[PDB]
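# Examination of the molecular architecture
Single-letter residue listing:
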2 protein chains.
Amino acid sequence: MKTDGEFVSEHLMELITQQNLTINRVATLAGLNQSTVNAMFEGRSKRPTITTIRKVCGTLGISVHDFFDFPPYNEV
Amino acid sequence: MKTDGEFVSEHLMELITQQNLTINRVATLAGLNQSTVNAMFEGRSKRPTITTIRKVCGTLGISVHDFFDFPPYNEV
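## Section: the environment of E10 of chain A
Residue and element names in this part refer to chain A. When you line up the elements, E10 lands in helix α1 (residues 4-18). Look at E10 and you get partly exposed, because its relative accessible area is 39%. Along the primary structure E10 and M40 are separated by 30 residues, whereas in three dimensions their C-alpha atoms are 9.6 Å apart.

This is the structure in structure tokens:
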């Protein structure tokens with residue numbers, strides 16, 4: 001019912017929002033361009049990549065490991 | 001000095017090897033094709049995706065969260 005891009009981008013938006021940031025601000029600080037940002041939240045995109053997730057995590061001050069501590073990714 | 005694809009694929013190979021599997025066997029069980037497998041370990045590829053990692057993790061019986069419990073991904 002949800003793609004990996006959807007799980008990831010929704011989690012990312014939750015974390016961004018908890019830090020009183022915006023996706024655009026994170027994009028600017030993480031150095032991704034609007035096209036990459038837009039793709040993340042386009043359901044029919046294969047993005048985000050690990051690289052993109054890593055870069056955003058850097059901006060957020062969290063590890064990629066911690067980023068993925070949510071369902072379904074933290075259960076087998 | 002290492003791409004994310006290199007960090008990920010090297011970790012994946014360590015885990016596969018610890019389970020006495022081969023990358024080809026995991027590929028067959030996880031249902032990815034040789035092209036996707038080859039891309040994972042091609043340094044100039046942007047792959048693996050989260051999807052591919054998730055699928056392999058399933059075959060390995062581990063969570064994606066646990067997959068990423070190694071450096072650099074488990075530090076900020």
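## Examining the interface of chain B and chain A
Tallying the contact residues gives 18 residues for chain B and 18 residues for chain A. Between chain B and chain A, roughly 1,700 Å² of surface is buried when both sides are summed, and carbon and sulfur atoms account for 68% of that area. On the chain B side of the interface with chain A, the three residues burying the most area are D4, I50 and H65 of chain B, jointly 39% of the side's total. On the surface where chain B and chain A come into contact, there are 2 salt bridges. Linking chain B with chain A are 9 residue pairs in polar contact, by the criterion used here.

## Here we look at the state of the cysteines
Applying the stated criterion across every chain yields a total of 0 disulfides over all chains. Take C57 of chain A: it sits in no disulfide, and the sulfur closest to it among the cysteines is that of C57 of chain B, at 16 Å.

## Looking at the packing of helix α2 (residues 23-30) of chain B against helix α4 (residues 50-60) of chain B
All names here are of chain B. As a packed pair, α2 and α4 sit with axes 9 Å apart at the nearest point and diverge in direction by 100 degrees. Between α2 and α4, the angle falls in the class roughly perpendicular. Taken together, the residues of α4 that come into contact with α2 (itself represented by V26, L29 and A30) are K55, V56 and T59.

## Quick look at the packing of aromatic side chains
Enumeration over the complete set of coordinates arrives at 11 aromatic pairs over all chains. A centroid spacing of 5.3 Å and a plane angle of 70 degrees characterise the contact between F70 of chain A and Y73 of chain A, whose relative ring orientation is edge-to-face. Like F70 of chain A, the residue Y73 of chain A is buried in the burial classification. Ring geometry for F67 of chain B against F68 of chain B: centres 5.1 Å apart, planes inclined by 85 degrees, an arrangement best described as edge-to-face. Accessibility assignment for this pair places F67 of chain B and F68 of chain B in one class, buried. Through a chain of ring-to-ring contacts, three or more aromatic side chains come together here, namely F7, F67, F68, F70 and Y73 of chain A together with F7, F67, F68, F70 and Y73 of chain B.

## Notes on the environment of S45 of chain A
Residue and element names in this part refer to chain A. Looking at the element boundaries, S45 is found in the loop between α3 (34-41) and α4 (50-60). Residue classification places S45 among the buried residues on the basis of a relative accessible area of 19%. Here the alpha-carbon distance between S45 and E6, two residues 39 residues apart in the chain, equals 9.5 Å. Here the side chain of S45 touches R47 through a polar contact of 2.9 Å, landing on its backbone nitrogen.

Rules used in this analysis
- Residues numbered from 1 in each chain as written, not as in the entry; some residues may be left out.
- Chains lettered and ligands numbered in written order.
- Heavy atoms only, no water.
- Helix = DSSP H or I, 4+ residues; strand = E, 2+ residues; numbered from the N terminus.
- Buried < 20%, exposed > 50% of the residue type's maximum accessible area, 1.4 Å probe, protein only.
- Contact = heavy atoms within 4.5 Å.
- Buried area = accessible area lost by both parts, 1.4 Å probe.
- Salt bridge = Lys/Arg side-chain N within 4 Å of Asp/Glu carboxyl O.
- Polar contact = N/O pair within 3.5 Å; in protein donor to acceptor, adjacent residues only side chain to side chain.
- Disulfide = S-S within 2.5 Å.
- Axes fitted to C-alpha atoms, helices over the stretch in contact; angles between N-to-C directions.
- Parallel < 35°, antiparallel > 145°, perpendicular 65-115°, else oblique.
- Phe/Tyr/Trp six-rings, centres within 6.5 Å; stacked < 30°, edge-to-face > 60°.

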